[PDB]
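Working notes for the structure below.
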Amino acid sequence: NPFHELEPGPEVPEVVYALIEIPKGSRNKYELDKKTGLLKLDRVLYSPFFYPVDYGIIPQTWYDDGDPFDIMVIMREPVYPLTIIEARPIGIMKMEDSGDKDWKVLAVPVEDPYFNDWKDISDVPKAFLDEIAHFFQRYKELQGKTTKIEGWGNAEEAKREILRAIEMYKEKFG
Amino acid sequence: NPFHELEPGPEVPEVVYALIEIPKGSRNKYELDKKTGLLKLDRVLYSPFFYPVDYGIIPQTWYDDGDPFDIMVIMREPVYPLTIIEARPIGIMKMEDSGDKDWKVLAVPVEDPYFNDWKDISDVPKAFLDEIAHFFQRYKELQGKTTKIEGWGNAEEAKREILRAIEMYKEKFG
Amino acid sequence: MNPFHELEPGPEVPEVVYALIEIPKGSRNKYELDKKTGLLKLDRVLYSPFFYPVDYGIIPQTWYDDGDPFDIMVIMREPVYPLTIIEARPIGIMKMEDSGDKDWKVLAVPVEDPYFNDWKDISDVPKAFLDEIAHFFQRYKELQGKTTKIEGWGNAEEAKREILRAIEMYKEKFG
Amino acid sequence: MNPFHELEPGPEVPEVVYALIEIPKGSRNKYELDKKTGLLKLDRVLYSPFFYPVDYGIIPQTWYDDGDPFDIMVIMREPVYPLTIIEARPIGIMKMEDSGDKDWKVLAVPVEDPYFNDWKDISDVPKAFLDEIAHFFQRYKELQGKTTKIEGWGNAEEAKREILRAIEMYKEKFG
Amino acid sequence: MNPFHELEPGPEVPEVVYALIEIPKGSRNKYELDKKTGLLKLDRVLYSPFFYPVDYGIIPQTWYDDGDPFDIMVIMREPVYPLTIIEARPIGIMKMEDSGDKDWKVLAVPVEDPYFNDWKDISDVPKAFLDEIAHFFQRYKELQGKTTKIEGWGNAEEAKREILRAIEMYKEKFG
Amino acid sequence: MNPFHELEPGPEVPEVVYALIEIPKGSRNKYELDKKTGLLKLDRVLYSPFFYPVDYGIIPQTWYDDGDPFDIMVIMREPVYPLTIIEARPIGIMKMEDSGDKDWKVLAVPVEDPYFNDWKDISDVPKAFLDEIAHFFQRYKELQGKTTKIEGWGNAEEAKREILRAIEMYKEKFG
Ligand SMILES: [Ca+2]
Ligand SMILES: [Ca+2]
Ligand SMILES: [Ca+2]
Ligand SMILES: [Ca+2]
Ligand SMILES: [Ca+2]
Ligand SMILES: [Ca+2]
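Residue numbers (my numbering), protein chains in the order written: chain W, 1 to 174; chain P, 175 to 348; chain C, 349 to 523; chain Y, 524 to 698; chain U, 699 to 873; chain G, 874 to 1048.
Given below as structure tokens:
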């Protein structure tokens, strides 16, 4: 299982690995099968929305909601599921999903020179942050779930949470 | 301008023409330029939603909101903008957009045998009607606009509104 | 690790099975699982300009009369990637023979797409869609000189019966 | 207006003709020119999961024995959009009958794609590719109960002669 | 009707112009407007495996020093279809010469995508993106034996200046 | 595990080899095998708007002068997914140097696509296509300031000899 075998990053927390589960533009929500590590269909979103970013997890992390720590990587061309990307955290989306702390790192790929000058949350166009928050605010509405979006934190805050999640993993597993 | 030159349908109101502006899966919202009849970008949706149906207008119609009557055609493979489809109305979505009556016909293509037994609103899976209503409920949320979804009418009601819109066009233009 | 051998046939057999997808809807490339390694392998490029009309794969830990894992076709609105696991509800079975071999294939819908919540048996599928699937398997190997015979469609109960047979066959051959 | 009537048959007929594309390679939707309106119109969704193996259209200002514009079928590496004009070199012709009507089709390559610079006649096309095109037309209307008959392929010389005949037929019937 | 002649250069020249798109981002096919009819036409297939990095088109009712309509590149997140009109804000201009011809091209953002609300001048564009556009035009005709010289980028004010020049040139040649 | 170490070089080397695909035709993303992890990893986004003109990968259990697995580049009509195995016939070899290192690449066609049945050597490939591949490799790292040198193409005989040498080098370095 790639979640357990891969390190959290080559230079934590400045550069982490993102293990992508869902490419931008997908309406299918994929997850990793915990037994086998194969990709598994979790569900088809109930609404005609698509993931606005490549979406995945940071290996060897664990979070308050009892899952690996989520990461969103802005890719110009989406990658395939189960692709590793070297990513620089630039911010963090604060949200609760049904009372669980479900925060998500926002990151850019180190190896696309397009994003060389994106280093903090203030470098992202605000319409783009709004569209991401709106997606998570409404994507489970027809399943009757409520999500609360609490805002965006900056790069420093993102990196602190990554360190916290790396420590939580070490506790729970070994 | 195709809006003025084409008849409303070969067998109104059982079979109408749909002039498609937006193929299913588009985030770009297109309209017809009224001067030239060329396709024009109206806007990019502010949220990562895609049109869940091929979306267009019925030629030579006019509606209470001061626009051609809208029609949504369920296509398995989306068509290109400015394509004419022969469509059978099977229902109607009732909604208001900023206080304007903005109802939209739901239809299936006559020439796809997949839909041969779809003749009324009750033949559509309810999750699919929900996803369409949810799209129109939220797609302008970040533009600060409010839309109210009032429910779905059946095929007979759709066909009555089509006749009304065909008459309204004749009044206003000639 | 070979997914075919390592995954259970499903979480609630035969009402819900796992489909391990090999070929997404819309592909002209026909992929298979490499027997030795479990990697995806190109079997062939179809000789005609036809595309797979459904997401196509196998049920893990099954064996059928034709000497292969039992095939399953899953109706997906948006195709998945190869090697994706889908929890699927069987709703019917296509009966066909390919060069003397019984090459029947389960038809299924995904449990986690609410669009298909009411599809529970073969009669819930538009007839034109069943015909398009059957026509595909009737003709897709015509230029390879192969003849296939479509024998018709069986219902959900029959599909479930055959899944149980295939699971038992696997146990006898490998277990 | 109607591009079918407004555009010349080609800049150097019959060596180079215009192909007015109606259906891009890969489409399961079959489009046709209103022929009175001029705008693209959905004729049908193919009943089988087959896709057009070439970019398909008509030569402007032509008329053929079947009572329609002359079908041309251009090999493109990347498909174009409907209503795009391509300068095309005829390299052959598919002889077929559809419902008894002579429904022959020109096969051509784009002048402005150097990939095909050395394709000049029907013998330059891989045989498997000619077979895939013929098989598509043999079977694409099978579920509609129509019968087509594939009679074989003619060479570039024959295709060019037929183009000139179609140009003459248009003049007699309209001009 | 020919869109190039019938549409105004824009609703609020030179702050907002119309871009009539001929080539969507991601295309290897290079399309143009047919001079006589206004239909889309394949100009060529690029000789190298490069794709247009931006949606590419022309400003209606303009004429430039190189004897063609003035070209405009629009940065779109999702590409449009050919012959689509986009209201665009010019933010810069690429200066380049193609075989002795001044072939400068306006860079613009769509007015109706809020993603670009803060892009108002050449300095707002990531440098790597400008380089990728320039590299494309530097090399895309290399195998055709053509040499192009990239002279650099001008700012929004310069782009607007040139748009006004191009509008005047059109009036003098056709009006 | 790591498919690079687990899979044989081919079922009938050097006439038929396995190509383990890392990058599908059309990708601007350059992927590489963790080579220790085994999972697909993004190496870089190409700095220019170029796309891989072929499906690109490596031959398992090979090692080459450049200190990596032997690059193979399979002509597919429909691209495959990363980590797919294709049975491939070598028809030639591209000789090139990258940063001074001998970075030669096998060119191959799939055994199971009848379209390429008559492609057996480098002379069977359209010259424009060989030029497009070479131009891609000549220029794709230009904005990274790297220099590559294209030295030309060898025939099938030469490609096969090099495959055997690479198989031997792997054995010496690992086996
Ligand atoms: Ca979480
Ligand atoms: Ca309306
Ligand atoms: Ca089977
Ligand atoms: Ca015909
Ligand atoms: Ca120019
Ligand atoms: Ca190498």
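Every residue, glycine too, gets a C-beta built ideally from N, C-alpha and C.
Quick one: which chain C residues come within Cβ less than 8 Å of residue i?
i, result
"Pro-283 (chain P)", "Near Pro-283 (chain P) there are no residues of chain C at all, since even the closest Cβ is about 12 Å away, more than 8 Å."
Run through the DSSP bridge pairs and tell me what residue i is partnered with.
i, result
"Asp-624 (chain Y)", "Y:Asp-621"
"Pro-438 (chain C)", "C:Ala-456"
"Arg-43 (chain W)", "W:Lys-29"
"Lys-1022 (chain G)", "G:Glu-970"
"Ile-57 (chain W)", "W:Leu-19, W:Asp-70"
"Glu-535 (chain Y)", "Y:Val-539"
"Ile-995 (chain G)", "Answer is none; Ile-995 (chain G) lacks a bridge partner."
"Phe-50 (chain W)", "None; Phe-50 (chain W) has no bridge partner."
Interface residues of chain W around residue i at Cβ under 7 Å?
i, result
"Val-428 (chain C)", "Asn-28, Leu-41"
"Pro-222 (chain P)", "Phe-49, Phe-50, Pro-52, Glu-131, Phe-135"
Go through its chain and collect everything with a Cβ distance to residue i's Cβ below 8 Å, but skip five positions before and after it.
i, result
"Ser-122 (chain W)", "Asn-154"
"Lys-739 (chain U)", "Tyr-729, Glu-730, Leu-731, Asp-732"
"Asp-403 (chain C)", "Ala-367, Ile-369, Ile-371, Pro-372, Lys-373, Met-421, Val-422, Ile-423, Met-424, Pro-427, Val-428, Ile-434"
"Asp-636 (chain Y)", "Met-599, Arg-600"
Could you pull out every residue in the same chain whose Cβ sits closer than 7 Å to the Cβ of residue i, ignoring the five residues on either side in sequence?
i, result
"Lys-521 (chain C)", "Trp-411"
"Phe-834 (chain U)", "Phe-748, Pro-751"
"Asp-65 (chain W)", "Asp-100, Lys-101, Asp-102"
"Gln-661 (chain Y)", "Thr-671, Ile-673"
"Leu-316 (chain P)", "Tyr-220, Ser-221"
Could you give the first and the last residue of the continuous alpha helix (DSSP H) run that contains residue i?
i, result
"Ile-515 (chain C)", "504-521"
"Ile-1006 (chain G)", "1000-1012"
"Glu-21 (chain W)", "First-last for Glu-21 (chain W): 16-22, but that is the beta strand (DSSP E), not the alpha helix (DSSP H)."
"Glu-879 (chain G)", "876-879"
In terms of residues, what are the limits of the beta strand (DSSP E) holding residue i?
i, result
"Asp-591 (chain Y)", "Unbroken run through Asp-591 (chain Y): none, as it is neither H nor E."
Could you work out which residues of chain Y lie near residue i, taking near to mean beta carbons separated by less than 9 Å?
i, result
"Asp-244 (chain P)", "Within 9 Å Cβ-Cβ: nothing; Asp-244 (chain P) doesn't reach chain Y, min ~18 Å."
What does residue i touch in chain C if you count any residue whose Cβ is under 7 Å from its own?
i, result
"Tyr-288 (chain P)", "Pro-474, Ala-476, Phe-477"
"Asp-33 (chain W)", "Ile-433"
Mind listing the chain Y neighbours of residue i? Cutoff is C-beta to C-beta under 7 Å, in chain order.
i, result
"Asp-991 (chain G)", "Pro-649"
"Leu-491 (chain C)", "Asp-654, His-658"
"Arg-487 (chain C)", "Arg-662"
"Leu-337 (chain P)", "Near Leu-337 (chain P) there are no residues of chain Y at all, since even the closest Cβ is about 23 Å away, more than 7 Å."
List, in order along the chain, the chain P residues whose C-beta lies closer than 9 Å to that of residue i?
i, result
"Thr-782 (chain U)", "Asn-202, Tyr-204, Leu-212, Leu-213, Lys-214, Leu-215, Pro-255"
CB-CB under 6 Å to residue i, same chain, minus the five flanking residues each way: which ones, in chain order?
i, result
"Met-168 (chain W)", "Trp-62"
"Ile-407 (chain C)", "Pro-357, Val-365, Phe-418, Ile-420"
"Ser-98 (chain W)", "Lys-145"
Find the residues of chain G that neighbour residue i, judging by a C-beta separation of less than 9 Å, and give them in chain order.
i, result
"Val-364 (chain C)", "Going along chain G, no residue has its Cβ under 9 Å from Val-364 (chain C), so there is no contact; the nearest lies around 26 Å."
Would you mind telling me which residues of chain W sit closer than 9 Å to residue i, beta carbon to beta carbon, in chain order?
i, result
"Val-918 (chain G)", "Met-75, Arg-76, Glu-77, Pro-109, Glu-111, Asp-112, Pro-113, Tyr-114"
Any contact between the region 945-956 of chain G and the region 888-901 of chain G? By contact I mean 3 or more CB pairs, one from each, below 8 Å. yes
| Counting pairs of beta carbons, one from the region 571-579 of chain Y and one from the region 383-399 of chain C, are three or more of them closer than 8 Å? | yes
Touching or not, the region 609-617 of chain Y and the region 941-952 of chain G, by the rule of three or more beta carbon pairs under 8 Å?
no
Would you call the region 450-468 of chain C and the region 413-420 of chain C touching, i.e. three or more CB-CB distances under 8 Å?
-> yes
Task: the region 671-686 of chain Y contacting the region 811-828 of chain U, beta-carbon criterion three pairs below 8 Å - done: In the pairwise beta carbon analysis, the region 671-686 of chain Y is classified as not touching the region 811-828 of chain U: fewer than three pairs are separated by under 8 Å.
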